[PDB]
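K.L.:
Sharing a structure with you now.
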Amino acid sequence: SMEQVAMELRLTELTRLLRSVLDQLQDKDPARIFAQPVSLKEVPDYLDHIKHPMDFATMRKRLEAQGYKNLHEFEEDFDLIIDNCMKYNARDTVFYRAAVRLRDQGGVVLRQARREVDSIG
């Protein structure tokens with residue numbers, strides 16, 4: 001149908017906007033602490049601690065399959081990156097501190113994305 005096409009164009013345009021949000025968020029992680037899944041070879045107990053692992057590469061796979069229906073879904077995944085790190089790692093670690101800086105900086109980017117998603121529909 002023409003409506004399914006129109007909806008597909010909306011999803012494609014969301015995907016374009018989310019791809020730019022994801023690039024901007026990831027620049028706020030220049031150390032690449034959150035670039036890839038925590039390695040189960042290197043942290044073999046990780047899944048005993050963290051039930052829903054997340055990282056930027058896994059987000060990117062989901063994005064390119066147009067797997068985010070709305071900004072809320074995407075934000076949920078970004079929040080998991082941060083929140084998993086702040087539970088697994090102690091406050092006095094380079095890891096925890098990197099998450100805090102990513103959260104604080106990313107907040108700005110996400111504040112305007114929310115306005116852009118509402119604005120452009």
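Convention: chains lettered A, B, ... in structure tokens order; per-chain residue numbering from 1; ligands numbered from 1 as shown.
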If we count only C-alpha atoms and set the cut-off at 12 Å, which residues sit around residue 10 (chain A), ignoring sequence neighbours fewer than 4 positions away in its own chain? Please answer as a PyMOL selection string.
P.N.:
chain A and resi 3-6+14-17+66+68-70+117+120-121
K.L.:
Take the residues just selected and output them with N, CA and C atoms as a short mmCIF file (atom, residue, chain, number, x, y, z; two decimals), in the first residue's frame.
P.N.:
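result.cif, written as the output of this step:
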data_model
loop_
_atom_site.label_atom_id
_atom_site.label_comp_id
_atom_site.auth_asym_id
_atom_site.auth_seq_id
_atom_site.Cartn_x
_atom_site.Cartn_y
_atom_site.Cartn_z
N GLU A 3 0.20 3.67 2.13
CA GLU A 3 0.44 4.01 3.56
C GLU A 3 1.72 3.27 4.13
N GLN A 4 1.88 1.99 3.78
CA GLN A 4 3.06 1.20 4.24
C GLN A 4 4.33 1.84 3.70
N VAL A 5 4.32 2.24 2.43
CA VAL A 5 5.47 3.01 1.88
C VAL A 5 5.83 4.31 2.64
N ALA A 6 4.78 5.10 2.89
CA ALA A 6 4.90 6.38 3.64
C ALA A 6 5.47 6.11 5.03
N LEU A 14 13.83 8.49 10.28
CA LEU A 14 14.23 8.29 11.72
C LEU A 14 15.61 7.65 11.82
N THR A 15 15.83 6.62 11.00
CA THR A 15 17.11 5.92 10.94
C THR A 15 18.21 6.85 10.55
N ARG A 16 17.96 7.76 9.59
CA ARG A 16 18.97 8.75 9.24
C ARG A 16 19.29 9.68 10.42
N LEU A 17 18.27 10.17 11.09
CA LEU A 17 18.49 11.07 12.24
C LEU A 17 19.23 10.33 13.39
N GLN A 66 17.13 -0.98 10.63
CA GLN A 66 15.95 -0.15 11.04
C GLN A 66 15.16 -0.75 12.19
N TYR A 68 15.15 0.45 15.36
CA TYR A 68 14.60 1.40 16.32
C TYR A 68 13.30 2.08 15.74
N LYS A 69 12.19 1.79 16.36
CA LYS A 69 10.87 2.35 15.91
C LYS A 69 10.67 3.80 16.29
N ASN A 70 11.35 4.23 17.36
CA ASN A 70 11.19 5.58 17.93
C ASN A 70 12.48 5.94 18.72
N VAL A 117 12.81 15.01 16.55
CA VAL A 117 11.90 13.89 16.28
C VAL A 117 10.41 14.28 16.40
N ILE A 120 9.97 17.29 13.27
CA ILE A 120 9.81 16.64 11.94
C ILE A 120 8.81 15.47 11.90
N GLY A 121 8.27 15.06 13.06
CA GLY A 121 7.23 14.03 13.12
C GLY A 121 7.86 12.65 13.05
#
K.L.:
At a cut-off of 12 Å, using only C-alpha atoms, what residues contact residue 37 (chain A)? Leave out same-chain residues fewer than 6 positions from it and give the result as a VMD selection string.
P.N.:
chain A and resid 43 46 to 47 50 52 to 60 80 to 81 84 to 85
K.L.:
Mind dumping the selected residues with C-alpha atoms as a JSON list (two decimals), in the first residue's frame?
P.N.:
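See part24.json below for the written result:
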[["chain", "number", "residue", "atom", "x", "y", "z"],
["A", 43, "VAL", "CA", 35.31, -10.85, 31.87],
["A", 46, "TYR", "CA", 30.05, -10.48, 33.30],
["A", 47, "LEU", "CA", 26.57, -11.98, 32.60],
["A", 50, "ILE", "CA", 24.77, -7.50, 33.94],
["A", 52, "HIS", "CA", 21.21, -6.83, 29.38],
["A", 53, "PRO", "CA", 24.68, -5.95, 27.96],
["A", 54, "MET", "CA", 24.86, -3.12, 25.44],
["A", 55, "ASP", "CA", 27.50, -1.28, 23.45],
["A", 56, "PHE", "CA", 27.76, 1.05, 20.43],
["A", 57, "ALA", "CA", 28.48, -1.67, 17.87],
["A", 58, "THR", "CA", 25.40, -3.65, 18.92],
["A", 59, "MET", "CA", 23.31, -0.38, 18.64],
["A", 60, "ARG", "CA", 24.70, 0.24, 15.19],
["A", 80, "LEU", "CA", 21.93, 0.57, 29.21],
["A", 81, "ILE", "CA", 25.52, 1.33, 28.05],
["A", 84, "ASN", "CA", 25.63, -1.22, 33.07],
["A", 85, "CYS", "CA", 29.05, 0.40, 33.41]]
K.L.:
Using only C-alpha atoms, can you tell me which of A:8, A:61, A:88, A:106 comes closest to residue 36 (chain A)?
P.N.:
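Smallest distance to residue 36 (chain A) is found for A:61.
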K.L.:
So what do you get for CA of residue 82 (chain A) versus CA of residue 102 (chain A), distance-wise?
P.N.:
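A separation of 7.6 Å between them.
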K.L.:
Got a sec: who's within 12 Å of residue 100 (chain A), counting only C-alpha atoms, leaving out chain neighbours fewer than 5 positions off, as a list in words?
P.N.:
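Using only C-alpha atoms, the neighbours found are residues 28, 29, 79, 81, 82, 83, 84, 85, 86, 87, 89, 90, 91, 92, 93, 94, 95, 105, 106 and 107 of chain A.
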K.L.:
Dump as JSON lines the rows for residues of region 13-85 of chain A within 9 Å of region 112-116 of chain A: closest atom pair and distance in Å with one decimal, only C-alpha atoms counted, ordered by chain and rising residue number.
P.N.:
{"residue": "A:17", "atom": "CA", "partner": "A:113", "partner_atom": "CA", "distance": 8.0}
{"residue": "A:18", "atom": "CA", "partner": "A:113", "partner_atom": "CA", "distance": 8.4}
{"residue": "A:21", "atom": "CA", "partner": "A:113", "partner_atom": "CA", "distance": 7.2}
{"residue": "A:71", "atom": "CA", "partner": "A:114", "partner_atom": "CA", "distance": 7.2}
{"residue": "A:72", "atom": "CA", "partner": "A:114", "partner_atom": "CA", "distance": 9.0}
K.L.:
Can you work out the spacing between CA of residue 35 (chain A) and CA of residue 78 (chain A) in Å, to one decimal?
P.N.:
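The value is 11.8 Å.
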K.L.:
What is the CA of residue 108 (chain A) to CA of residue 49 (chain A) distance in Å?
P.N.:
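The value is 29.5 Å.
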